[PDB]
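Take a look at the structure set out below.
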Amino acid sequence: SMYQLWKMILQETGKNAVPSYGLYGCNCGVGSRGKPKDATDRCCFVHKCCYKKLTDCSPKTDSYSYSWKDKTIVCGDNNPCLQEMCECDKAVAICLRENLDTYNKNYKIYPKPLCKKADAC
Numbered sequence: 001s002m003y004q005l006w007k008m009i010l011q012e013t015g016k017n018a019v020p021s022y023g024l025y026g027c028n029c030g031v032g033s034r035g036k037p038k039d040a041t042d043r044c045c046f047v048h049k050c051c052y053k057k058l059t060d061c067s068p069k070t071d072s073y074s075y076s077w078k079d080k081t082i083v084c085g086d087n088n089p090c092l093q094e095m096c097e098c099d100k101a102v103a104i105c106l107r108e109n110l111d112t113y114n115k116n117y118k119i120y121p122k123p125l126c127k129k130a131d132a133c
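The sequence shown maps to residues 1 to 13, 15 to 53, 57 to 61, 67 to 90, 92 to 123, 125 to 127, 129 to 133 in the deposited numbering.
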């Protein structure tokens, strides 16, 4: 569930998801996709295709089980679909986090006509 992914991204990067990423680059948005503007933008792009794998559980509201093994996210729980979901989320939080030094305030609230054709998943 977004709230989970939201907690995840927080303890990971130390930032508020929606605010700093919710509208970032060309992919991060809600119903947006196109050639990624950078490391972070790509992250979102990939986090999208990943979610496109769970055809038996909604990543929006379905809450999966996970923990934090000393500063590290660790899914492992019941069901399988919840897992893919939980695993995608962790790959996003670690992505967005690996490129903090690349976050660009100019993408924070990126227009749209400023984008291009989205890459194929």
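Even for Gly, the Cβ is constructed at its ideal location relative to N, Cα and C.
In chain order, what residues of the same chain lie with their CB nearer than 7 Å to the CB of residue i, ignoring the 5 residues before and after it?
i	result
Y113	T41
Residue i and residue j: beta carbons closer than 8 Å?
i	j	result
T13	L110	yes
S72	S1	yes
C44	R34	no
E94	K57	yes
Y75	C61	no
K127	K49	no
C51	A101	yes
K7	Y117	no
Note down, in chain order, each residue of its chain lying with its Cβ closer than 8 Å to the Cβ of residue i, except the 5 sequence neighbours on either side.
i	result
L10	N17, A18
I104	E12, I82
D86	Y73, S74, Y75, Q93, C96
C133	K49, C50, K53
Among the residues of its own chain, which have a CB less than 6 Å from the CB of residue i, if the five just before and after it don't count?
i	result
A130	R34, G35
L5	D99
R107	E12, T13
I119	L24
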